[PDB]
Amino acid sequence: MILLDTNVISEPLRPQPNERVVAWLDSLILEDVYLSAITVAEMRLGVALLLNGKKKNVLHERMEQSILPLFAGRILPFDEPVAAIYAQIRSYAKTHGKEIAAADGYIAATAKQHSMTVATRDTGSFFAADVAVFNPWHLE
């Protein structure tokens, strides 16, 4: 029950990817790692926003043929129930001084509905929403 956040799933794709995060992703059981539609939408947009060239085209190729097919069946949707969670999480934090970006809240509420562990670089937002978190930039 692990839910990758945008910044995590996209770390290995970067120029100087953090090897600690790659190693961690390499220690997981794919059949136990999820993605939020909101997160997939952010990835797909990231690809789509690239200037046209061989780069954008191969990336898209992979993104759809190699990467995304690995989570097929586990790309969680943001629905009505989850929308209620979102409201609680965000309204709560906000009225107690901690801000939670809508972007984050979406993932948070999702993780929160299936008691999943959000994996992310910015743990503040999630500790606040009362959601198990794991920063893969560390050890343990």
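All residue numbers are counted from 1 along the displayed sequence.
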Query raised in the report: On average, which has the higher Cα B-factor in the deposited entry, 105-113 or 48-56?
Result: 48-56
Query raised in the report: Which has the higher mean CA temperature factor in the PDB entry, 82-90 or 95-103?
Result: 95-103
Report task. Taking the values exactly as deposited, rank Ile38 by C-alpha B-factor within its chain and report the matching third: lowest, middle or highest. Result -> lowest
**Report entry** Third of chain Cα B-factors occupied by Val118
**Finding:** lowest
Query raised in the report: Going by what the PDB entry lists, where does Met63 fall on CA B-factor within its chain: lowest, middle or highest third?
Result: highest
Query raised in the report: So where's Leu4 on the chain's Cα temperature factor ranking, which third?
Result: middle
